[PDB]
């Protein structure tokens, strides 16, 4: 089954600037997010199909997460990626897709439109705990990118 959820988050940063920084999330997030230690490309060049290995630290234990780049839509400020393996993927789940799209905020800032698609195996339903962790991670990244941009204004 596929379970779909929608959410919104705002930023002072304008969408073109925030999107360009999002494209560099692999190099940004290990720096700003304490739990994230590294992001390595295992397959592809960074485009759709590209597989990344994230090394994370949680409760003093090292764990890995696998992401697949689903789509990149520069024209629409859209970045889509799925969790396809590791600790962030419950056994019931086939995969979890995170869709981000930026649109202009009323005051020159940004609205981040988040879509979460949780793909279950069979008639399994999503784990709520895993879900809370996801949606959080949906923000915690957005904030990382935004904080980086605000802290390094020349960069973008």
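Residue numbers count along the first chain shown, from 1.
Per the entry, higher mean C-alpha B factor between 17-25 and 136-144 | The entry gives the higher C-alpha B-factor average to 136-144.
According to the deposited model, is the average Cα temperature factor higher in 54-62 or in 123-131?
-> Stretch with the greater average CA B-factor: 123-131.
Identify, among 100, 97, 38, 45, the residue whose C-alpha carries the highest B-factor in the deposited PDB entry.
-> 45 has the highest C-alpha B-factor of those listed.
Lowest, middle or highest third: where is residue 91 by C-alpha B factor in its chain?
-> Within its chain, residue 91 is a highest-third residue by C-alpha B-factor, going by the deposited values.
Would you please rank residue 70 by its C-alpha temperature factor against the other modelled residues of its chain and give the third it falls in: lowest, middle or highest?
-> For residue 70, the deposited C-alpha B-factor lands in the lowest third.
Hey, what third does residue 5 fall into on Cα B-factor, ranked over its chain?
-> It belongs to the middle third of the chain when residues are ordered by C-alpha B-factor.
If you rank the chain by CA B-factor, which third does residue 49 end up in: lowest, middle or highest?
-> It falls in the bottom third of the chain.
Mind checking which third residue 115 falls in for C-alpha B-factor across the chain?
-> Within its chain, residue 115 is a lowest-third residue by C-alpha B-factor, going by the deposited values.
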